[PDB]
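Letters A, B, ... mirror the listed sequences (proteins, then strands); counts begin at 1.
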Amino acid sequence: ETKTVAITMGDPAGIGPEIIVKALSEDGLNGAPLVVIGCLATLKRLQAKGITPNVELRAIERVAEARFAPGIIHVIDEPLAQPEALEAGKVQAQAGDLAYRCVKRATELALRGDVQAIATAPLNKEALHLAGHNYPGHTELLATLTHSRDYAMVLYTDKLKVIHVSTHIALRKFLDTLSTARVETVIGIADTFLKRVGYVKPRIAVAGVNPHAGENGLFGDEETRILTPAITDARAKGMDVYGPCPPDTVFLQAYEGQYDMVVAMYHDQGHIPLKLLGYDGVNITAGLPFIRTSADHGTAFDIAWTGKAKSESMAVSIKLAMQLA
Amino acid sequence: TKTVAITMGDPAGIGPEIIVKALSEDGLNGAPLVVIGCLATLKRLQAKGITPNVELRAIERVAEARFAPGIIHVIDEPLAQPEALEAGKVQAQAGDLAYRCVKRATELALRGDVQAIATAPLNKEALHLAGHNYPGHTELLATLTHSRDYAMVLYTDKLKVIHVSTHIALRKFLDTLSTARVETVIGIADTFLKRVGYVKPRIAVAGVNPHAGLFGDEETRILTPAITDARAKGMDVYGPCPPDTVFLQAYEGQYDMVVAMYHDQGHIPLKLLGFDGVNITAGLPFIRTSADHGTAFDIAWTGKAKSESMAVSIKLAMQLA
């Protein structure tokens, strides 16, 4: 019946703690089925410095032990080694270790179904490495812990949904490592994500790599060599998938209601159209065994613990977890 | 003052058809416009009852034109054999006419007899058969006009974009990108913008890689040197900017123009806001505009080709002349 989201603290030297408490004070998050995984001592300490606003914090050992009520945040206490020793906005091994242990604990709760979705506050890669946790980044850490090779970034709005074959890599890199297997995988993830969120027979449009999907009313090299084989393979498997479509009309058409989702090829191909319309700025990592959301800012060490950080996107990313759980 | 020359393009295609239709519209009807094409084929077109009825007036010189509603002035650049013209066919005489109209318009423009050109589409196959070896409409003009460098501009009131490259594959674009070419397009943009009334243009340059870069070297190796060079010449240029916010910020008013790297970078944003079918070729000595349609040989001379684009193309050339 009831669906619960785990929220991970991230790097406690960053803005994670303060943006969670703030976000949780907002209507529709206040007293909601949410559990914070993080350092209880650190949360008490930030409240006492007046950073964090006033709220009752209740430790629980198990998710089921929560008694949800406005004005109470429930916490699975993963402790910082020395809470009194934490400095705002510096790279610290114990803060990177805590960040690691929270996402570890969150995925364990998800794996046994105590929690249905996860919203992650940001962590610092350099601190993670300093703690001896060797992962290329937050998302990759989630994927390793979860034994998921196959995941992709989703931008989710009412009117436009986009999943990316690739994100955060040079354009030359994207062109040189593009493969049929990857496109196929991402189409699969798109199909599964959309059914999980209640599209019984989703329409997926696949964007071309090249302008117009090619020149002179012919598909281009990637389109015919890589994309068409993935589309064809995916239709034969029962998926309602179209393309390759001209990049400069495909997102417009999905926006206008012709498709439920677009498979974008590279980062900017998907992010340009999302941001140009009225993005907030949250993303879903699709292809894990549970829904996971995060926001696009980082730890913001320069403004951590000053009351300047904005909790808007942390809030959006938590409400989104709840919706899609 | 400002007068605009309109070229016929390939007479077998939709050029003649849509020129006539568009010039019947309000704003274009009786406006300072000179068509350069074969009077005889425009006559033939008229007899077929596929257009509004209009009086055609042969002029040898632009100063002869007497602008009034319901009269289109033509500079008679004749087809070698007007009666032998078939619709939607690749014909040597048709491509040769397309070439002479362009040549003729550019001569008038270069001279100041006209202030802008708006082109109707031509057929490259037909152009090569007539012995004119040019890769296309735009390259033809660059040559006739001694302009090594030009770039495509998409022009709206709130968002304006110039392109380092267009149409080509992503890989081709990556492999043929250079600092020199970025410097050139920044300079074309600056010059274009002053020409349309921005005394001090503010120009943004889009990155190649997501977040204009740690991911790829074009920003530091190609884009930054070009921008540093632009700013040392007194231009107000920003970048490289994350492609996923720069067009948004241009749209909001932060920049007068964005220099896009490749086709979709500029076209995704423009189509998404709901704007066609037209562009400006910038970097020539005068304004040229055109629309994205080809000769449409399959529907030519039936009356079914849309003239809207062509009308916008001409309206824009007038505005900017």
Side-chain angles (χ1 to χ4, degrees), chain A residues 152-165 183 186-187 189-191 193-214 217 219 223 227-228 231 234-235 239-284 286 320 323-324, chain B residues 154-159 161 243-245 247-248 250-252 260 263-279 291-293 306 308-309 312:
Chain A
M153 177 184 294
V154 167
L155 304 172
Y156 195 95
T157 73
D158 191 63
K159 286 206 142 220
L160 230 198
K161 300 164 190 72
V162 179
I163 180 171
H164 298 84
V165 163
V183 171
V186 182
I187 298 179
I189 290 167
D191 181 75
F193 169 81
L194 290 162
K195 288 168 192 202
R196 204 212 175 271
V197 315
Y199 288 87
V200 16
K201 194 187 179 203
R203 304 103 49 161
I204 325 289
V206 176
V209 166
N210 306 298
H212 314 109
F219 291 128
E223 288 78 8
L227 277 48
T228 287
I231 313 300
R235 278 209 141 251
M239 306 176 189
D240 203 0
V241 44
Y242 303 92
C245 309
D248 76 345
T249 68
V250 67
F251 299 99
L252 173 61
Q253 296 179 355
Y255 179 75
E256 287 177 336
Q258 290 175 59
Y259 307 96
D260 302 317
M261 182 169 274
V262 186
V263 180
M265 280 302 111
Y266 49 94
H267 198 270
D268 290 321
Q269 203 191 57
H271 283 74
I272 292 162
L274 258 307
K275 298 194 189 184
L276 191 61
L277 314 160
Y279 188 60
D280 47 17
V282 171
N283 74 84
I284 303 173
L320 185 60
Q323 184 186 331
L324 304 173
Chain B
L154 308 170
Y155 194 96
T156 71
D157 69 337
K158 288 203 196 303
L159 212 216
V161 171
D244 71 333
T245 62
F247 299 100
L248 174 50
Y251 182 77
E252 290 164 333
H263 192 275
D264 293 325
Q265 220 185 52
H267 282 78
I268 288 169
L270 272 129
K271 299 206 171 181
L272 196 36
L273 308 156
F275 327 105
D276 271 321
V278 170
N279 67 86
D292 73 341
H293 56 345
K306 299 191 148 300
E308 291 84 66
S309 272
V312 173

Novice: With no hydrogens and no angle check, is any side-chain donor or acceptor of A/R203 less than 3.5 Å from a backbone partner on A/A254?
Specialist: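 Flag not set: sc A/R203 to bb A/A254 has no pair under 3.5 Å.
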
Novice: Could you tell me whether a side-chain N or O of A/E223 sits under 3.5 Å from a main-chain N or O of A/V209, the two making a donor and an acceptor?
Specialist: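 Side chain of A/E223 to backbone of A/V209, a donor-acceptor pair under 3.5 Å: yes, one is there.
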
Novice: Could you give the distance from CG (A/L276) to OG1 (B/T245), rounded to the nearest 0.5 Å?
Specialist: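 Reported to 0.5 Å precision, the distance equals 11.0 Å.
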
Novice: Going by heavy atoms in the side chains, are A/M265 and A/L227 under 4.5 Å from each other?
Specialist: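 Yes. Closest side-chain heavy atoms under 4.5 Å.
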
Novice: Rounded to the nearest 0.5 Å, what's the gap from CG on B/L159 to CG on B/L272? Could you check?
Specialist: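 Here the interatomic distance stands at 10.5 Å.
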
Novice: Does the pair B/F275 and B/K158 meet the rule for a side-chain contact (heavy atoms from CB on, under 4.5 Å), with working shown?
Specialist: CA-CA 11 Å; B/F275 327 105; B/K158 288 203 196 303; over 6 Å; no

Novice: Dump the intermediate steps for side-chain contact (heavy atoms from CB on, under 4.5 Å) on A/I204 and A/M239, then the final yes or no.
Specialist: CA-CA 8 Å; A/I204 325 289; A/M239 306 176 189; 5.8 Å; no

Novice: How far apart are the closest heavy atoms of B/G266 and B/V161, and which atoms are they?
Specialist: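 Closest approach of B/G266 to B/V161: CA-CG1, 3.9 Å.
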
Novice: First locate atom CZ of A/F193, then atom CG of A/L324, and finally report the distance between them rounded to the nearest 0.5 Å.
Specialist: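 Between A/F193 CZ and A/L324 CG, I get 5.5 Å after rounding to 0.5 Å.
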
Novice: Provide the closest heavy-atom pair for A/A207 versus A/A264 in the form atom of the first, atom of the second, distance.
Specialist: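 Closest approach of A/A207 to A/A264: CB-CA, 4.3 Å.
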
Novice: Applying side chain to side chain donor-acceptor pair (under 3.5 Å), name anything that partners A/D240, two or more places apart in sequence or on another chain.
Specialist: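 Once residues adjacent in sequence are excluded, the partners of A/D240 under the side chain to side chain donor-acceptor pair (under 3.5 Å) criterion are A/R235, A/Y242.
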
Novice: Looking at A/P244 and A/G208, what are the two nearest heavy atoms and their distance?
Specialist: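 That closest heavy-atom pairing would be CB-CA, 4.1 Å.
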
Novice: First locate atom CD1 of A/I284, then atom CG of A/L320, and finally report the distance between them rounded to the nearest 0.5 Å.
Specialist: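 A/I284 atom CD1 to A/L320 atom CG measures 4.5 Å (nearest 0.5 Å).
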
Novice: Hey, could you give me the CG/CE distance between A/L155 and A/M261, rounded to the nearest 0.5 Å?
Specialist: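 Taking CG in A/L155 and CE in A/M261, the distance rounds to 8.5 Å.
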
Novice: Would you compute the distance between atom CZ of A/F251 and atom CG of A/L277 and round it to the nearest 0.5 angstrom?
Specialist: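 Result: 11.0 Å between the selected atoms.
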
Novice: Over all heavy atoms of both residues, which pair between B/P269 and A/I272 is shortest? Give the atoms and the distance, please.
Specialist: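 B/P269 and A/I272 have their closest heavy atoms at CD-CG2, 4.1 Å.
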
Novice: Should A/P211 and A/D248 count as side-chain neighbours, where that means a heavy-atom distance under 4.5 Å?
Specialist: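 The answer is no; the side chains never approach within 4.5 Å.
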
Novice: Enumerate the side chain to side chain donor-acceptor pair (under 3.5 Å) contacts for residues 251-269 of chain A, please, sequence neighbours excluded, ordered by first and then second residue.
Specialist: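 Qualifying pairs: A/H267-A/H271.
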
Novice: Do you know the tightest heavy-atom contact between A/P247 and A/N210?
Specialist: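 Scanning both residues completely, I find the closest heavy atoms to be CD-O, 3.4 Å.
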
Novice: Under the side-chain contact (heavy atoms from CB on, under 4.5 Å) criterion, do A/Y156 and A/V197 qualify, and how do the steps go?
Specialist: CA-CA 11 Å; A/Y156 195 95; A/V197 315; 3.8 Å; yes

